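J.: One structure, as structure tokens, below. Some questions next.
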Amino acid sequence: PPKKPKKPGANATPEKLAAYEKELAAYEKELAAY
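PDB author numbering numbers the first residue of the sequence shown as 1 and each following residue consecutively.
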């Protein structure tokens with residue numbers, strides 16, 4: 001099963017949140033595919 005990305009806290013940067021969005025989207029796509 002595909003890894004779940006950990007939610008970034010303590011003042012995460014927009015690019016990090018963007019990375020979280022891409023990894024979370026990736027996770028969703030792969031989770032559906034699985």
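For each residue, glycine too, the CB sits at the ideal point set by N, CA and C.
May I ask you to report which of helix, strand or coil DSSP gives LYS7?
T.: Counting from 1 along the sequence shown, the entry for residue 7 is found at position 7. DSSP, read as helix, strand or coil, puts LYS7 in coil.
J.: Determine the DSSP secondary structure at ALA26, reduced to helix, strand or coil.
T.: Position 26 of the sequence shown, counted from the first residue, corresponds to residue 26. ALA26 falls in the helix class under three-state DSSP.
J.: CB-CB under 7 Å to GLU23, same chain, minus the five flanking residues each way: which ones, in chain order?
T.: Taking the first residue of the sequence shown as position 1, residue 23 is located at position 23. For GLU23, where only same-chain residues beyond five positions count, the Cβ hits under 7 Å are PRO5.
J.: Excluding the 5 residues flanking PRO8 on each side, which residues of the same chain have their C-beta closer than 8 Å to its C-beta?
T.: Position 8 of the sequence shown holds residue 8. Cβ neighbours of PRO8 beyond the five flanking positions: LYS16, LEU17, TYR20.
J.: Going by DSSP in three states, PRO1 sits in which element: helix, strand or coil?
T.: Translated into positions along the sequence shown, residue 1 becomes position 1. It is coil, neither helix nor strand.
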